[PDB]
$ cat work-v9.cif   # mmCIF, N, CA and C atoms
data_work
loop_
_atom_site.label_atom_id
_atom_site.label_comp_id
_atom_site.auth_asym_id
_atom_site.auth_seq_id
_atom_site.Cartn_x
_atom_site.Cartn_y
_atom_site.Cartn_z
N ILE A 1 27.67 15.96 -2.14
CA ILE A 1 26.41 15.27 -2.36
C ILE A 1 26.74 13.85 -2.80
N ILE A 2 25.85 12.91 -2.48
CA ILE A 2 25.96 11.55 -2.98
C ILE A 2 25.59 11.55 -4.46
N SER A 3 26.39 10.88 -5.28
CA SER A 3 26.18 10.87 -6.72
C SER A 3 24.89 10.15 -7.08
N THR A 4 24.29 10.57 -8.20
CA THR A 4 23.00 10.04 -8.61
C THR A 4 23.09 8.62 -9.14
N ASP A 5 24.29 8.15 -9.50
CA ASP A 5 24.44 6.77 -9.95
C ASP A 5 24.29 5.79 -8.79
N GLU A 6 24.67 6.21 -7.58
CA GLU A 6 24.60 5.34 -6.41
C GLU A 6 23.16 4.98 -6.06
N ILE A 7 22.24 5.94 -6.19
CA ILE A 7 20.84 5.71 -5.84
C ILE A 7 20.21 4.70 -6.79
N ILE A 8 20.41 4.90 -8.10
CA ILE A 8 19.81 3.99 -9.07
C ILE A 8 20.48 2.62 -9.03
N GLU A 9 21.79 2.56 -8.75
CA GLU A 9 22.42 1.25 -8.65
C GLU A 9 22.01 0.53 -7.36
N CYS A 10 21.70 1.29 -6.30
CA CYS A 10 21.20 0.67 -5.07
C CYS A 10 19.78 0.15 -5.27
N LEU A 11 18.96 0.88 -6.03
CA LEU A 11 17.65 0.37 -6.39
C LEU A 11 17.74 -0.84 -7.32
N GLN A 12 18.78 -0.89 -8.17
CA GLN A 12 18.95 -2.02 -9.07
C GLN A 12 19.39 -3.27 -8.32
N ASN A 13 20.29 -3.13 -7.33
CA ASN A 13 20.72 -4.30 -6.57
C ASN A 13 19.81 -4.60 -5.38
N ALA A 14 18.74 -3.83 -5.19
CA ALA A 14 17.79 -4.11 -4.12
C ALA A 14 17.01 -5.38 -4.45
N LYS A 15 16.90 -6.28 -3.48
CA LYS A 15 16.28 -7.58 -3.67
C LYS A 15 14.97 -7.64 -2.89
N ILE A 16 13.93 -8.16 -3.54
CA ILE A 16 12.64 -8.35 -2.88
C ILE A 16 12.73 -9.44 -1.83
N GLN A 17 13.56 -10.46 -2.06
CA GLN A 17 13.73 -11.55 -1.11
C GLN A 17 14.54 -11.15 0.13
N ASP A 18 15.16 -9.98 0.13
CA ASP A 18 16.00 -9.52 1.23
C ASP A 18 15.43 -8.26 1.88
N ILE A 19 14.11 -8.25 2.11
CA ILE A 19 13.47 -7.11 2.76
C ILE A 19 13.90 -7.02 4.23
N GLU A 20 14.10 -8.15 4.89
CA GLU A 20 14.51 -8.17 6.29
C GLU A 20 16.02 -8.04 6.47
N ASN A 21 16.80 -8.10 5.40
CA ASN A 21 18.25 -8.01 5.47
C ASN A 21 18.78 -6.65 5.06
N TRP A 22 17.91 -5.65 4.95
CA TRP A 22 18.32 -4.31 4.51
C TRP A 22 18.97 -3.58 5.68
N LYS A 23 20.30 -3.50 5.66
CA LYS A 23 21.05 -2.79 6.68
C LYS A 23 22.12 -1.93 6.01
N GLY A 24 22.32 -0.73 6.54
CA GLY A 24 23.32 0.17 5.99
C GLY A 24 22.73 1.32 5.20
N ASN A 25 23.45 1.76 4.16
CA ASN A 25 22.98 2.88 3.35
C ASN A 25 21.85 2.50 2.41
N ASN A 26 21.69 1.20 2.12
CA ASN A 26 20.62 0.75 1.24
C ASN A 26 19.25 0.99 1.86
N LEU A 27 19.11 0.72 3.16
CA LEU A 27 17.85 0.99 3.85
C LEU A 27 17.55 2.48 3.90
N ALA A 28 18.58 3.31 4.07
CA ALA A 28 18.40 4.76 4.06
C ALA A 28 17.96 5.26 2.69
N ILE A 29 18.54 4.71 1.62
CA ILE A 29 18.14 5.07 0.26
C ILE A 29 16.71 4.62 -0.01
N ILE A 30 16.34 3.43 0.47
CA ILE A 30 14.99 2.90 0.30
C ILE A 30 13.98 3.77 1.05
N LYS A 31 14.32 4.20 2.27
CA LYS A 31 13.46 5.10 3.03
C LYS A 31 13.30 6.45 2.32
N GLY A 32 14.39 6.97 1.76
CA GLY A 32 14.31 8.23 1.03
C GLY A 32 13.45 8.15 -0.22
N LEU A 33 13.59 7.07 -0.99
CA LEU A 33 12.79 6.94 -2.20
C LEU A 33 11.33 6.62 -1.89
N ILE A 34 11.06 5.88 -0.81
CA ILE A 34 9.66 5.64 -0.47
C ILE A 34 9.02 6.90 0.13
N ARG A 35 9.81 7.76 0.79
CA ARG A 35 9.29 9.06 1.20
C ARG A 35 9.00 9.94 -0.01
N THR A 36 9.87 9.90 -1.02
CA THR A 36 9.63 10.65 -2.25
C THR A 36 8.38 10.16 -2.97
N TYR A 37 8.18 8.84 -3.02
CA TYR A 37 7.01 8.29 -3.69
C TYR A 37 5.73 8.57 -2.91
N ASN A 38 5.81 8.56 -1.57
CA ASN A 38 4.64 8.85 -0.76
C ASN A 38 4.27 10.33 -0.80
N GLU A 39 5.25 11.22 -0.96
CA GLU A 39 4.98 12.65 -0.97
C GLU A 39 4.80 13.22 -2.38
N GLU A 40 5.72 12.93 -3.31
CA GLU A 40 5.67 13.47 -4.67
C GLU A 40 5.95 12.35 -5.67
N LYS A 41 4.89 11.68 -6.12
CA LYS A 41 5.03 10.59 -7.08
C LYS A 41 5.51 11.09 -8.43
N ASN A 42 4.95 12.22 -8.90
CA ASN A 42 5.28 12.74 -10.22
C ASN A 42 6.72 13.22 -10.30
N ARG A 43 7.21 13.88 -9.24
CA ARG A 43 8.59 14.35 -9.22
C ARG A 43 9.57 13.18 -9.27
N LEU A 44 9.23 12.09 -8.58
CA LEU A 44 10.00 10.85 -8.71
C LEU A 44 9.91 10.27 -10.12
N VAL A 45 8.76 10.45 -10.79
CA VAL A 45 8.59 9.91 -12.14
C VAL A 45 9.52 10.62 -13.12
N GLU A 46 9.52 11.97 -13.13
CA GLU A 46 10.50 12.62 -14.00
C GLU A 46 11.94 12.51 -13.50
N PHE A 47 12.17 12.29 -12.20
CA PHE A 47 13.53 12.05 -11.73
C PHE A 47 14.08 10.74 -12.28
N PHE A 48 13.27 9.68 -12.25
CA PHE A 48 13.70 8.41 -12.84
C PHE A 48 13.71 8.47 -14.36
N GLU A 49 12.90 9.34 -14.96
CA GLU A 49 12.94 9.51 -16.41
C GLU A 49 14.23 10.19 -16.86
N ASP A 50 14.65 11.24 -16.15
CA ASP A 50 15.86 11.97 -16.51
C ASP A 50 17.13 11.35 -15.96
N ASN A 51 17.04 10.41 -15.02
CA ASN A 51 18.22 9.82 -14.42
C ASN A 51 18.42 8.35 -14.76
N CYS A 52 17.41 7.68 -15.30
CA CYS A 52 17.52 6.28 -15.68
C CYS A 52 16.82 6.06 -17.01
N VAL A 53 17.27 5.04 -17.75
CA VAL A 53 16.64 4.71 -19.02
C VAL A 53 15.55 3.66 -18.86
N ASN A 54 15.66 2.79 -17.86
CA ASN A 54 14.63 1.80 -17.57
C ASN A 54 13.73 2.29 -16.43
N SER A 55 12.93 3.31 -16.76
CA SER A 55 12.08 3.95 -15.75
C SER A 55 10.93 3.05 -15.32
N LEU A 56 10.35 2.29 -16.26
CA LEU A 56 9.24 1.40 -15.92
C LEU A 56 9.69 0.28 -15.00
N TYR A 57 10.92 -0.21 -15.18
CA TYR A 57 11.50 -1.21 -14.29
C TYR A 57 11.62 -0.68 -12.86
N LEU A 58 12.10 0.55 -12.71
CA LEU A 58 12.23 1.15 -11.39
C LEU A 58 10.87 1.42 -10.76
N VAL A 59 9.90 1.84 -11.57
CA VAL A 59 8.55 2.11 -11.07
C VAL A 59 7.89 0.82 -10.58
N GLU A 60 7.99 -0.27 -11.35
CA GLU A 60 7.36 -1.51 -10.92
C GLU A 60 8.12 -2.15 -9.76
N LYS A 61 9.44 -1.93 -9.69
CA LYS A 61 10.21 -2.40 -8.53
C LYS A 61 9.80 -1.67 -7.26
N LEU A 62 9.61 -0.34 -7.35
CA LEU A 62 9.16 0.43 -6.20
C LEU A 62 7.74 0.03 -5.80
N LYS A 63 6.88 -0.25 -6.78
CA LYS A 63 5.52 -0.71 -6.48
C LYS A 63 5.53 -2.08 -5.82
N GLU A 64 6.45 -2.96 -6.23
CA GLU A 64 6.57 -4.27 -5.59
C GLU A 64 7.14 -4.16 -4.18
N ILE A 65 8.06 -3.22 -3.95
CA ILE A 65 8.62 -3.04 -2.61
C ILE A 65 7.58 -2.46 -1.67
N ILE A 66 6.81 -1.46 -2.13
CA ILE A 66 5.80 -0.85 -1.27
C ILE A 66 4.60 -1.77 -1.05
N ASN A 67 4.42 -2.80 -1.88
CA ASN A 67 3.35 -3.76 -1.66
C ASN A 67 3.74 -4.85 -0.67
N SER A 68 5.00 -4.91 -0.24
CA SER A 68 5.41 -5.91 0.74
C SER A 68 4.89 -5.56 2.13
N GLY A 69 4.98 -4.29 2.52
CA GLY A 69 4.48 -3.85 3.81
C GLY A 69 5.36 -4.18 4.99
N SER A 70 6.60 -4.61 4.76
CA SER A 70 7.51 -4.99 5.83
C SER A 70 8.37 -3.83 6.31
N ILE A 71 8.23 -2.64 5.73
CA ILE A 71 9.00 -1.47 6.11
C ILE A 71 8.04 -0.36 6.50
N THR A 72 8.57 0.63 7.21
CA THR A 72 7.78 1.72 7.77
C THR A 72 7.87 2.96 6.90
N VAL A 73 6.86 3.81 7.00
CA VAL A 73 6.80 5.08 6.29
C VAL A 73 6.83 6.21 7.31
N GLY A 74 6.92 7.43 6.80
CA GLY A 74 6.97 8.61 7.66
C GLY A 74 6.04 9.70 7.16
N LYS A 75 5.31 10.30 8.10
CA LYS A 75 4.42 11.40 7.79
C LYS A 75 5.16 12.72 8.01
N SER A 76 4.42 13.83 7.97
CA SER A 76 5.00 15.15 8.19
C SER A 76 5.16 15.37 9.69
N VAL A 77 6.40 15.35 10.16
CA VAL A 77 6.71 15.53 11.57
C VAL A 77 7.65 16.72 11.79
N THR A 78 7.63 17.68 10.87
CA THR A 78 8.45 18.92 10.85
C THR A 78 9.92 18.50 10.87
N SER A 79 10.72 18.98 11.82
CA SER A 79 12.15 18.70 11.85
C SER A 79 12.50 17.38 12.53
N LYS A 80 11.51 16.68 13.09
CA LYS A 80 11.78 15.41 13.77
C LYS A 80 12.25 14.34 12.80
N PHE A 81 11.80 14.40 11.54
CA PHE A 81 12.34 13.53 10.50
C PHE A 81 13.82 13.79 10.26
N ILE A 82 14.27 15.03 10.47
CA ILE A 82 15.70 15.31 10.45
C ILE A 82 16.36 14.76 11.71
N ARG A 83 15.63 14.74 12.83
CA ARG A 83 16.26 14.52 14.12
C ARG A 83 16.58 13.05 14.37
N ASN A 84 15.61 12.17 14.16
CA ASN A 84 15.73 10.76 14.52
C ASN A 84 15.91 9.86 13.31
N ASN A 85 16.67 10.32 12.32
CA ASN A 85 16.93 9.55 11.12
C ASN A 85 18.36 9.80 10.66
N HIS A 86 18.85 8.92 9.80
CA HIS A 86 20.16 9.10 9.21
C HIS A 86 20.14 10.29 8.25
N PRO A 87 21.20 11.11 8.23
CA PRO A 87 21.25 12.23 7.28
C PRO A 87 21.31 11.81 5.82
N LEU A 88 21.74 10.57 5.54
CA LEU A 88 21.73 10.08 4.17
C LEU A 88 20.31 9.96 3.64
N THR A 89 19.37 9.58 4.50
CA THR A 89 17.96 9.50 4.12
C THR A 89 17.42 10.87 3.72
N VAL A 90 17.71 11.90 4.52
CA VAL A 90 17.14 13.21 4.22
C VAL A 90 17.85 13.87 3.03
N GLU A 91 19.14 13.59 2.81
CA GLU A 91 19.77 14.17 1.62
C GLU A 91 19.33 13.45 0.35
N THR A 92 19.07 12.14 0.41
CA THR A 92 18.58 11.47 -0.80
C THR A 92 17.09 11.72 -1.00
N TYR A 93 16.38 12.17 0.05
CA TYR A 93 15.01 12.62 -0.13
C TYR A 93 14.95 14.02 -0.74
N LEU A 94 15.83 14.92 -0.28
CA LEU A 94 15.82 16.28 -0.81
C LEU A 94 16.44 16.35 -2.20
N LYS A 95 17.34 15.41 -2.52
CA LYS A 95 17.91 15.36 -3.87
C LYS A 95 16.86 14.96 -4.90
N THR A 96 15.93 14.09 -4.51
CA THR A 96 14.84 13.67 -5.38
C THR A 96 13.63 14.60 -5.30
N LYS A 97 13.69 15.65 -4.49
CA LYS A 97 12.56 16.56 -4.29
C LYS A 97 12.64 17.78 -5.19
N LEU A 98 13.77 18.49 -5.17
CA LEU A 98 13.94 19.72 -5.94
C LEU A 98 14.58 19.47 -7.30
#
$ encode --input "work-v9.cif" --output "structure tokens"
Amino acid sequence: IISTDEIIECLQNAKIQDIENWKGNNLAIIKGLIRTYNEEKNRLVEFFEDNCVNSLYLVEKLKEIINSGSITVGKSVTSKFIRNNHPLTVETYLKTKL
């Protein structure tokens, strides 16, 4: 599994001014956390509470990222979300789910 420090440090080094420059595992982590926030906001809230000490900073950063509107979201498409996406996205989504 990808360690839980990598996700919070990727959210910490995520830049609002670099929304169009997100390439690599950072975009996959961002897609996973925005899927978690779109599907289970409360589970993400206690995940950031138990995994980070600056939870309000992460919450307002996620709110600022989702208010940009320059990235795409995903609905319930059964296994197609597994099919046409990076596996890092689905493992960081399922790690923040259960």
$ atom_distance --input "work-v9.cif" --atom1 "atom CA of residue A:6" --atom2 "atom CA of residue A:79"
25.8 Å
$ closest_atom_pairs --input "work-v9.cif" --of "stretch 64-83 of chain A" --to "stretch 8-25 of chain A" --cutoff "8 Å" --atoms "all atoms listed in the file" --output "tab-separated table"
residue	atom	partner	partner_atom	distance
A:64	C	A:16	CA	7.0
A:65	CA	A:16	CA	6.7
A:70	C	A:19	C	6.7
A:71	N	A:19	C	7.3
$ resolve_selection --input "work-v9.cif" --expression "the PyMOL selection byres ((chain A and resi 32) around 8)" --output "list in words"
residues 26, 27, 28, 29, 30, 31, 33, 34, 35, 36, 37, 38, 88, 89, 90, 91, 92, 93, 94 and 96 of chain A
$ closest_residue --input "work-v9.cif" --among "A:59, A:2, A:87, A:76" --to "residue A:45" --atoms "all atoms listed in the file"
A:59
$ atom_distance --input "work-v9.cif" --atom1 "atom CA of residue A:62" --atom2 "atom C of residue A:85"
21.4 Å
$ closest_residue --input "work-v9.cif" --among "A:78, A:54, A:3, A:42" --to "residue A:97" --atoms "only C-alpha atoms"
A:42
$ select_by_dssp --input "work-v9.cif" --residues "chain A" --states "helix (DSSP H, G or I)" --output "PyMOL selection string"
chain A and resi 4-12+16-18+25-39+41-51+55-66+80-83+87-95
$ atom_distance --input "work-v9.cif" --atom1 "atom CA of residue A:55" --atom2 "atom CA of residue A:72"
24.0 Å
$ axis_aligned_box --input "work-v9.cif" --around "stretch 45-61 of chain A" --padding-each-side "6 Å" --output "JSON"
{"center_x": 12.9, "center_y": 5.1, "center_z": -13.1, "size_x": 23.1, "size_y": 27.0, "size_z": 23.8}
$ build_atoms --input "work-v9.cif" --residues "stretch 8-31 of chain A" --atoms "N, CA, C and O atoms" --output "mmCIF file, in the coordinates of the input"
data_model
loop_
_atom_site.group_PDB
_atom_site.id
_atom_site.type_symbol
_atom_site.label_atom_id
_atom_site.label_comp_id
_atom_site.auth_asym_id
_atom_site.auth_seq_id
_atom_site.Cartn_x
_atom_site.Cartn_y
_atom_site.Cartn_z
ATOM 1 N N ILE A 8 20.410 4.900 -8.100
ATOM 2 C CA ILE A 8 19.810 3.990 -9.070
ATOM 3 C C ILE A 8 20.480 2.620 -9.030
ATOM 4 O O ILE A 8 19.812 1.600 -9.221
ATOM 5 N N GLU A 9 21.790 2.560 -8.750
ATOM 6 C CA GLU A 9 22.420 1.250 -8.650
ATOM 7 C C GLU A 9 22.010 0.530 -7.360
ATOM 8 O O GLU A 9 21.939 -0.700 -7.340
ATOM 9 N N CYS A 10 21.700 1.290 -6.300
ATOM 10 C CA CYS A 10 21.200 0.670 -5.070
ATOM 11 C C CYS A 10 19.780 0.150 -5.270
ATOM 12 O O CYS A 10 19.423 -0.907 -4.733
ATOM 13 N N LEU A 11 18.960 0.880 -6.030
ATOM 14 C CA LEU A 11 17.650 0.370 -6.390
ATOM 15 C C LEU A 11 17.740 -0.840 -7.320
ATOM 16 O O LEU A 11 16.887 -1.730 -7.272
ATOM 17 N N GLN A 12 18.780 -0.890 -8.170
ATOM 18 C CA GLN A 12 18.950 -2.020 -9.070
ATOM 19 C C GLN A 12 19.390 -3.270 -8.320
ATOM 20 O O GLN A 12 18.931 -4.380 -8.621
ATOM 21 N N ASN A 13 20.290 -3.130 -7.330
ATOM 22 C CA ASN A 13 20.720 -4.300 -6.570
ATOM 23 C C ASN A 13 19.810 -4.600 -5.380
ATOM 24 O O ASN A 13 20.095 -5.542 -4.634
ATOM 25 N N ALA A 14 18.740 -3.830 -5.190
ATOM 26 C CA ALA A 14 17.790 -4.110 -4.120
ATOM 27 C C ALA A 14 17.010 -5.380 -4.450
ATOM 28 O O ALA A 14 16.497 -5.534 -5.566
ATOM 29 N N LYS A 15 16.900 -6.280 -3.480
ATOM 30 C CA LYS A 15 16.280 -7.580 -3.670
ATOM 31 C C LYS A 15 14.970 -7.640 -2.890
ATOM 32 O O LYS A 15 14.905 -7.212 -1.733
ATOM 33 N N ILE A 16 13.930 -8.160 -3.540
ATOM 34 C CA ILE A 16 12.640 -8.350 -2.880
ATOM 35 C C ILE A 16 12.730 -9.440 -1.830
ATOM 36 O O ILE A 16 12.062 -9.374 -0.786
ATOM 37 N N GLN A 17 13.560 -10.460 -2.060
ATOM 38 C CA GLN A 17 13.730 -11.550 -1.110
ATOM 39 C C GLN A 17 14.540 -11.150 0.130
ATOM 40 O O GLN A 17 14.586 -11.931 1.085
ATOM 41 N N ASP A 18 15.160 -9.980 0.130
ATOM 42 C CA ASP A 18 16.000 -9.520 1.230
ATOM 43 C C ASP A 18 15.430 -8.260 1.880
ATOM 44 O O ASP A 18 16.145 -7.300 2.148
ATOM 45 N N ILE A 19 14.110 -8.250 2.110
ATOM 46 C CA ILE A 19 13.470 -7.110 2.760
ATOM 47 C C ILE A 19 13.900 -7.020 4.230
ATOM 48 O O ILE A 19 14.035 -5.914 4.772
ATOM 49 N N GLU A 20 14.100 -8.150 4.890
ATOM 50 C CA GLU A 20 14.510 -8.170 6.290
ATOM 51 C C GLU A 20 16.020 -8.040 6.470
ATOM 52 O O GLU A 20 16.470 -7.880 7.613
ATOM 53 N N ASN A 21 16.800 -8.100 5.400
ATOM 54 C CA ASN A 21 18.250 -8.010 5.470
ATOM 55 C C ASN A 21 18.780 -6.650 5.060
ATOM 56 O O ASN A 21 19.987 -6.507 4.834
ATOM 57 N N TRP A 22 17.910 -5.650 4.950
ATOM 58 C CA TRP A 22 18.320 -4.310 4.510
ATOM 59 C C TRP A 22 18.970 -3.580 5.680
ATOM 60 O O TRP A 22 18.283 -3.102 6.585
ATOM 61 N N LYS A 23 20.300 -3.500 5.660
ATOM 62 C CA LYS A 23 21.050 -2.790 6.680
ATOM 63 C C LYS A 23 22.120 -1.930 6.010
ATOM 64 O O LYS A 23 22.742 -2.358 5.031
ATOM 65 N N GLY A 24 22.320 -0.730 6.540
ATOM 66 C CA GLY A 24 23.320 0.170 5.990
ATOM 67 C C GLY A 24 22.730 1.320 5.200
ATOM 68 O O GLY A 24 21.631 1.800 5.506
ATOM 69 N N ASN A 25 23.450 1.760 4.160
ATOM 70 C CA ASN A 25 22.980 2.880 3.350
ATOM 71 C C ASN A 25 21.850 2.500 2.410
ATOM 72 O O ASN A 25 21.121 3.381 1.946
ATOM 73 N N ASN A 26 21.690 1.200 2.120
ATOM 74 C CA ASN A 26 20.620 0.750 1.240
ATOM 75 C C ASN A 26 19.250 0.990 1.860
ATOM 76 O O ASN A 26 18.312 1.409 1.162
ATOM 77 N N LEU A 27 19.110 0.720 3.160
ATOM 78 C CA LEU A 27 17.850 0.990 3.850
ATOM 79 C C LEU A 27 17.550 2.480 3.900
ATOM 80 O O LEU A 27 16.387 2.885 3.776
ATOM 81 N N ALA A 28 18.580 3.310 4.070
ATOM 82 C CA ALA A 28 18.400 4.760 4.060
ATOM 83 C C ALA A 28 17.960 5.260 2.690
ATOM 84 O O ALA A 28 17.075 6.122 2.592
ATOM 85 N N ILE A 29 18.540 4.710 1.620
ATOM 86 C CA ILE A 29 18.140 5.070 0.260
ATOM 87 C C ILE A 29 16.710 4.620 -0.010
ATOM 88 O O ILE A 29 15.917 5.352 -0.626
ATOM 89 N N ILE A 30 16.340 3.430 0.470
ATOM 90 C CA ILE A 30 14.990 2.900 0.300
ATOM 91 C C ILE A 30 13.980 3.770 1.050
ATOM 92 O O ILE A 30 12.899 4.079 0.520
ATOM 93 N N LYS A 31 14.320 4.200 2.270
ATOM 94 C CA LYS A 31 13.460 5.100 3.030
ATOM 95 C C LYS A 31 13.300 6.450 2.320
ATOM 96 O O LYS A 31 12.201 7.009 2.282
#
